[PDB]
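Following: one structure in structure tokens, then a few remarks.
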Amino acid sequence: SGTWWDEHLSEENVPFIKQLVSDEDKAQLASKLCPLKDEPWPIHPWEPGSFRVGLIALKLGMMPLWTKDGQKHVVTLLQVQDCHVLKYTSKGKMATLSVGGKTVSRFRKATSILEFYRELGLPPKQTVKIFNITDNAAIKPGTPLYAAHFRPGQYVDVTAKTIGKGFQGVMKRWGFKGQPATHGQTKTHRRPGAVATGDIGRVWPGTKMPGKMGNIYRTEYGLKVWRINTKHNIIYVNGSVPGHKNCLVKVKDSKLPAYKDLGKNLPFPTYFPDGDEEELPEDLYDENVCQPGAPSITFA
Amino acid sequence: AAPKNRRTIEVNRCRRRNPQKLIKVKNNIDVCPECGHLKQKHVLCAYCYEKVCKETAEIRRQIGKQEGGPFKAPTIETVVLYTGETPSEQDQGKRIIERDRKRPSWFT
Amino acid sequence: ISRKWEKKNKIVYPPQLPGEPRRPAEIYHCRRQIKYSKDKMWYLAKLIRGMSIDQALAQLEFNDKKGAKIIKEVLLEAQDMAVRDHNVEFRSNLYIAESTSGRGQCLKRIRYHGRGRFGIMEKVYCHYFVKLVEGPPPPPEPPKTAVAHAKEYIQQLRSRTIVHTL
Amino acid sequence: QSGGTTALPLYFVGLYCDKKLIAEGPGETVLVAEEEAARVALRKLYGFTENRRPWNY
Amino acid sequence: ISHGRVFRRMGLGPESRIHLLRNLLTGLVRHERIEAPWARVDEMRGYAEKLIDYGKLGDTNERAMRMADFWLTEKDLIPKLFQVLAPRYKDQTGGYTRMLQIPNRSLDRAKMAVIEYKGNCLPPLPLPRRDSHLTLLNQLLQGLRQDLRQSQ
Amino acid sequence: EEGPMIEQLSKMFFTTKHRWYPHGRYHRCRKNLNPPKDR
Amino acid sequence: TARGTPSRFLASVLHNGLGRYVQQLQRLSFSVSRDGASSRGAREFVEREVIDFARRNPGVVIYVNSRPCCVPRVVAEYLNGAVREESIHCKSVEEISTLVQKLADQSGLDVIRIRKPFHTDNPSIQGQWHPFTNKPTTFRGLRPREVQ
Amino acid sequence: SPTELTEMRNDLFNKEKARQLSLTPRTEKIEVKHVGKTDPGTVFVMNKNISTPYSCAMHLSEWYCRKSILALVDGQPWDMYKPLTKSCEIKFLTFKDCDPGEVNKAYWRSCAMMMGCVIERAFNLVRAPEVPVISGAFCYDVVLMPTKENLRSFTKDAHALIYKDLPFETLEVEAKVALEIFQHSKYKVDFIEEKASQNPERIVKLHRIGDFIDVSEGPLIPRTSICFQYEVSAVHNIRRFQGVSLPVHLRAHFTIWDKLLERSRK
Ligand SMILES: [Mg+2]
Ligand SMILES: [Mg+2]
Ligand SMILES: [Mg+2]
Ligand SMILES: [Zn+2]
């Protein structure tokens, strides 16, 4: 990019500019905190064939969670930060919607991105994942999406990068058994033996060979949700999640055949704090989850 | 393992002329306000650094001349002076180490 | 042996007339016998071609290469000779026009392998030529836009005649 | 007319003189085609076309 | 793999690198200025941070005394350390060491830097002086701040 | 700008994206700048 | 070896075939040697053939250097400016005469690929062919798939 | 007939230049001194009727030519493309200095002149009001409704003028020729009369930008390429115009640019 901003600023304008940026961002967020008050477009009811908008949370860490049956179940952490809609585009094969996530400084960005994010409220985000939504649910840009969008007892898919191990060898990249230590190896312990046949003077495309492991987007299907938080906007999903800690992850509804027609009890468009909606408790629990503070279990 | 066919001059030229191997031009050369010896960003000057090094070497030589033999390291601070200049009333116990030199236009 | 770059500095042109251009003054200078390779010298020359003398010296003063100091000294000597001998007032109004680097007279030594053999170890020597032309540097040839490509295509399609007939 | 808005057209502009064409000529654009048609008409009027007489030696 | 790995390998092992860092720290405590590679420079700076912390913890403390006796091979810099670099910075907390950069070495061309304790009697270094406040952008920002203040 | 411009030129002239790129100095010098004037 | 040899389209120097016919041969300079066995043919020619050749076409002037030369040459200039400096080292009188006649008959045009032995200035008489030939015209010139 | 008026003004400017240059005494040389902060005590032996501090900068290095904006001779400001007289000290000014006030004032005056030129080329002027730099917006009243399209057109014209890259020719001329050049607009006549009455003599500084000429007081920017950014905030009330512009080597940012534009919009 061009010349970084912190170059022609004295020792007195840096903190002033920082405070001004923070105040402007906070004011924009507070102004956009009211979606229903502004034109929210007509809201449609639930239909058999129709999807909803997802979220983009941050993978904090992991912690265990015991169920009522007395069994250990690993659970992940997903912090829904801001998560606002950028724009909307109709017919490609189906409608699309852009969603952001974390709040990245608006100094190390392209002029086009800065102009696009200035046309709308809020500051520029980090990533922009496009979701393939139907024509039914259509939320206006600039609206927030907290963790209340999802509810317990639901399978939600997650996709994100992975802890890239760089250009790895062969065993760690594909799980090859390599060669023995003795009888009678001298320089062969992790190398790949034969390629493929002999007469074939070529190499079958896609053959397992040393390459850059990880550092790619991989989706996981079949992940149940146990508990959700409203204050901190945290989502606790079962099983691990691709990507390192403090890494943005794309989350949306599942796609399996056994979990497709069950969004009747879920909010078809998105959760709206302003209501005319009856606020939810501090955190919704599940039917098969040991609540924090409840008496000890007893299989009698 | 051995070359089966010598690389042609065209192939050699194409290999030793791509932008990936050519020296990448840099644009991080500014003008130093002191002595204008075109310094680099995030890096100190050249003539000023040499002057500071010479001054530090002279100060160390003077300290050694005053300290004497090795294995000393007194438990008192230091104060550098120049021609004239009465010692500061605040630093009276600190050992003064100097000889003969004029205060330059960049030392406090 | 063949010294010519040093003799080119003695070329004399007839006296110009009032109704004629200024004719930018050309400079020639080179150092013989340089304990250095030739590929790196050619790399440095290619790096310093379209740039001016000031930018060239600025890039050389921060180029981690043995030949950088040699090229800087050569450019300084050429600038001094141009300001003194060739008669030039402006010191920064000079730009590089030609820059090459050929091999020199190499010797031979022995390396001694790990057996009853060996190999010739030539002492690679090189040179360095530079041509500084008076006046500011010319602008770089910009990339032909789509309009130029369309015009060339139209010209090629219009400049076609029937083949194999009258 | 050949093509249209393809950057490589070829219009055959004519010149009707009281429902009686006197000449014609093609051209890249419409104005250039009309100019070429007028030039060919002037040629035909002056008898300078390629179908004239060679000479008498 | 080196995901979240600290301590850059330098010498032929942990003992060699820690001995080199100790020698560099001793040389700095003796002269208050050393020209070393950037890696070793930052490593010795991080080590001297904790060294000054221990020296500030107290002199009668057996732990600090043992640490000073170990990290200092000359054995003559312990009193100077404890009685100069601990009371002088009795007000600061973590503002020690001022790291910069050297152009390069005239031999093998290596990235070198300089580090020294603040308040030293040696001459000052050419620190990167920011642009003055009387410039165009600075004046515009000052006017904007004044207008924002007067808005209230 | 190279890729998009070449694609636009190809779509406009309905030609391939191979002849749009330039050629080395060999073919440039091999070209005859003084062709034989015919007719 | 045409790709590695220049070519030229067939054409005349001034269209002499239309009006008057002009001799393309300009001058001829013979470098005969008095004392030397390497110019007996040229000597016999200059003796008993050059006069007849010059009188057969008064539109050409010939010179006779007659200088101490080791190899006799002939400079055949032309109107356009071409020069054909050939050698006649050891050649019979008949051969030299035939060579001189050929030089006088030919023009100054280069001796390279003629390519297309024909220069038709106006090859089209009934109208040059174009893609819009031998085709009809519908009513009002309505292109296909056109209502109004 | 504005074209004829501009042509006559350019002809008068050329005639004044010829008159000022005819008095050259066969190129008289002088020995001017330079007292700067770097590389002392270098000197120069330039001319006294054609040479300019730009020649000294070129003799020194291209860095000064690209960074120098004003030359301080005897403590007074001077232009980069202006003939010098009386051998005295020479200095250089840039944007990153201890007291770059003269450079800021020159940049403000140059921006005002460029805004006036763009307004004149758009489709009667009055003068060039000297507004402080802290105001955050250069003003240029004009006697005669603007919209977003008009502001965009003015910005495009200013960008084109900057891309053209033309020098600022200055001349110290009396008030007679100044009035002869501006023998139509009464406001400019009164301004020139006041400027002449202020100075001890009738001498008045002038400026020329291709086909645009205007009167001012302090020096200006030599080349228009030094002005990187340039915009037009809005218009206020005979009609007072506004605008903001940043020079090269001080590229702020899109956010800072928008903030400065909003602050100037007043
Ligand atoms: Mg194994
Ligand atoms: Mg082994
Ligand atoms: Mg090692
Ligand atoms: Zn300096």
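If you're wondering about the labels, chains in the structure tokens are A, B, ... by order shown, residues count from 1 in each chain, ligands from 1 in order shown.
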- Message: DSSP on the backbone: which residues in chain D end up as strand (DSSP E or B)? Give the answer as a list in words.
- Response: residues 2, 10, 11, 12, 13, 14, 15, 16, 21, 22, 23, 24, 25, 26 and 27 of chain D
- Message: Distance limit 6 Å, reference ligand 4, atoms considered: only C-alpha atoms and all ligand atoms. Which residues make the cut? Give them as a list in words.
- Response: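 The residues near ligand 4 are residues 32, 34, 35, 36, 37, 45, 47 and 48 of chain B.
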Since we have the selection now, will you write its residues out, keeping N, CA and C atoms, as a short mmCIF file (atom, residue, chain, number, x, y, z; two decimals), in the first residue's frame?
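Contents of the output file again28.cif:
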```
data_model
loop_
_atom_site.label_atom_id
_atom_site.label_comp_id
_atom_site.auth_asym_id
_atom_site.auth_seq_id
_atom_site.Cartn_x
_atom_site.Cartn_y
_atom_site.Cartn_z
N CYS B 32 18.48 13.02 5.53
CA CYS B 32 18.71 13.26 6.95
C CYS B 32 18.78 14.76 7.21
N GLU B 34 20.30 16.28 9.42
CA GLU B 34 21.65 16.59 9.87
C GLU B 34 22.64 16.13 8.81
N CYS B 35 23.47 17.05 8.33
CA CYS B 35 24.55 16.81 7.37
C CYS B 35 24.06 16.28 6.03
N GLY B 36 22.75 16.09 5.84
CA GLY B 36 22.20 15.60 4.59
C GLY B 36 23.02 14.51 3.93
N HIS B 37 23.07 13.34 4.56
CA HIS B 37 23.79 12.18 4.03
C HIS B 37 22.82 11.07 3.63
N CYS B 45 21.34 7.70 11.07
CA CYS B 45 22.19 8.31 10.06
C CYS B 45 23.56 7.63 10.04
N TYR B 47 26.90 9.71 9.21
CA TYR B 47 27.90 10.61 9.76
C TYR B 47 27.62 10.90 11.23
N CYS B 48 26.35 11.09 11.60
CA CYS B 48 26.01 11.30 13.00
C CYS B 48 26.36 10.07 13.83
#
```
- Query: When the cut-off is 8 Å and you count only C-alpha atoms and all ligand atoms, which residues lie near ligand 2, shown as a PyMOL selection string?
  - Reply: chain A and resi 181-182+185-189
Output C-alpha atoms of each residue in that selection to a file, as an mmCIF file, in the first residue's frame.
```
data_model
loop_
_atom_site.group_PDB
_atom_site.id
_atom_site.type_symbol
_atom_site.label_atom_id
_atom_site.label_comp_id
_atom_site.auth_asym_id
_atom_site.auth_seq_id
_atom_site.Cartn_x
_atom_site.Cartn_y
_atom_site.Cartn_z
ATOM 1 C CA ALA A 181 14.692 -47.608 11.177
ATOM 2 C CA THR A 182 16.961 -50.616 10.533
ATOM 3 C CA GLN A 185 17.785 -48.551 5.824
ATOM 4 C CA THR A 186 20.710 -46.130 5.577
ATOM 5 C CA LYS A 187 19.099 -42.925 4.263
ATOM 6 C CA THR A 188 15.392 -43.876 3.974
ATOM 7 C CA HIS A 189 13.149 -43.159 6.970
#
```
- Contacts of residue 57 in chain D at 9 Å or less, counting only C-alpha atoms, minus same-chain residues fewer than 2 places along, as a list in words?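 The filter keeps residues 55 of chain D; 18 and 19 of chain G.
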- Backbone-only DSSP, helix (DSSP H, G or I) members of chain G, as a VMD selection string: chain G and resid 40 to 48 50 to 55 93 to 105 139 to 141
For N, CA and C atoms, I'd like the residues from the last selection saved as a short mmCIF file (atom, residue, chain, number, x, y, z; two decimals), in the first residue's frame.
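Full text of result23.cif as output:
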```
data_model
loop_
_atom_site.label_atom_id
_atom_site.label_comp_id
_atom_site.auth_asym_id
_atom_site.auth_seq_id
_atom_site.Cartn_x
_atom_site.Cartn_y
_atom_site.Cartn_z
N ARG G 40 42.94 -11.95 -72.78
CA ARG G 40 42.98 -12.13 -74.22
C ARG G 40 41.59 -12.03 -74.83
N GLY G 41 40.59 -12.61 -74.17
CA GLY G 41 39.23 -12.51 -74.67
C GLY G 41 38.72 -11.08 -74.69
N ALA G 42 38.96 -10.33 -73.60
CA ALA G 42 38.54 -8.94 -73.56
C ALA G 42 39.26 -8.12 -74.63
N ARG G 43 40.54 -8.41 -74.86
CA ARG G 43 41.28 -7.70 -75.90
C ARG G 43 40.70 -7.98 -77.28
N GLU G 44 40.46 -9.26 -77.59
CA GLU G 44 39.88 -9.61 -78.88
C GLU G 44 38.50 -8.98 -79.04
N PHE G 45 37.74 -8.90 -77.95
CA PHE G 45 36.43 -8.25 -78.00
C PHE G 45 36.57 -6.77 -78.35
N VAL G 46 37.34 -6.04 -77.54
CA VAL G 46 37.55 -4.61 -77.76
C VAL G 46 38.09 -4.38 -79.16
N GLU G 47 38.76 -5.39 -79.73
CA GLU G 47 39.34 -5.25 -81.06
C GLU G 47 38.29 -5.42 -82.15
N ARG G 48 37.54 -6.52 -82.14
CA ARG G 48 36.67 -6.89 -83.25
C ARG G 48 35.29 -7.33 -82.76
N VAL G 50 33.50 -4.80 -80.07
CA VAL G 50 32.98 -3.67 -79.32
C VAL G 50 32.44 -2.60 -80.26
N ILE G 51 33.11 -2.38 -81.39
CA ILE G 51 32.65 -1.38 -82.34
C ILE G 51 31.28 -1.76 -82.89
N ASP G 52 31.12 -3.02 -83.28
CA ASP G 52 29.83 -3.48 -83.80
C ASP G 52 28.75 -3.39 -82.73
N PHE G 53 29.08 -3.76 -81.49
CA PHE G 53 28.09 -3.70 -80.42
C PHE G 53 27.66 -2.27 -80.15
N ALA G 54 28.60 -1.32 -80.21
CA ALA G 54 28.27 0.08 -79.96
C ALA G 54 27.47 0.66 -81.12
N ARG G 55 27.78 0.27 -82.35
CA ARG G 55 27.06 0.78 -83.51
C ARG G 55 25.68 0.15 -83.66
N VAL G 93 35.63 -15.07 -76.89
CA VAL G 93 35.02 -13.88 -77.47
C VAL G 93 33.51 -14.05 -77.56
N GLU G 94 33.05 -15.24 -77.95
CA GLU G 94 31.61 -15.47 -78.06
C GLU G 94 30.94 -15.37 -76.70
N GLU G 95 31.57 -15.91 -75.66
CA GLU G 95 31.00 -15.83 -74.32
C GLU G 95 30.90 -14.38 -73.85
N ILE G 96 31.96 -13.59 -74.08
CA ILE G 96 31.94 -12.19 -73.67
C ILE G 96 30.87 -11.43 -74.44
N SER G 97 30.73 -11.72 -75.74
CA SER G 97 29.72 -11.05 -76.54
C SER G 97 28.32 -11.39 -76.04
N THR G 98 28.06 -12.66 -75.75
CA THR G 98 26.76 -13.05 -75.23
C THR G 98 26.48 -12.40 -73.88
N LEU G 99 27.51 -12.32 -73.02
CA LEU G 99 27.33 -11.68 -71.72
C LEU G 99 27.01 -10.20 -71.88
N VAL G 100 27.70 -9.52 -72.79
CA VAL G 100 27.44 -8.10 -73.02
C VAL G 100 26.03 -7.91 -73.57
N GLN G 101 25.61 -8.78 -74.49
CA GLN G 101 24.26 -8.68 -75.04
C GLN G 101 23.22 -8.89 -73.95
N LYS G 102 23.44 -9.87 -73.07
CA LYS G 102 22.50 -10.11 -71.98
C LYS G 102 22.45 -8.91 -71.03
N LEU G 103 23.61 -8.32 -70.72
CA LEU G 103 23.63 -7.16 -69.85
C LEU G 103 22.90 -5.98 -70.48
N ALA G 104 23.05 -5.80 -71.80
CA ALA G 104 22.38 -4.70 -72.48
C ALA G 104 20.88 -4.95 -72.61
N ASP G 105 20.46 -6.22 -72.66
CA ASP G 105 19.04 -6.53 -72.80
C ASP G 105 18.31 -6.40 -71.48
N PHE G 139 -37.59 -7.64 -49.41
CA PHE G 139 -38.39 -6.42 -49.46
C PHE G 139 -38.00 -5.49 -48.32
N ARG G 140 -37.67 -4.25 -48.66
CA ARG G 140 -37.28 -3.23 -47.69
C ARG G 140 -36.00 -3.61 -46.94
N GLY G 141 -35.24 -4.57 -47.46
CA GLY G 141 -34.02 -5.00 -46.82
C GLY G 141 -34.22 -5.40 -45.37
#
```
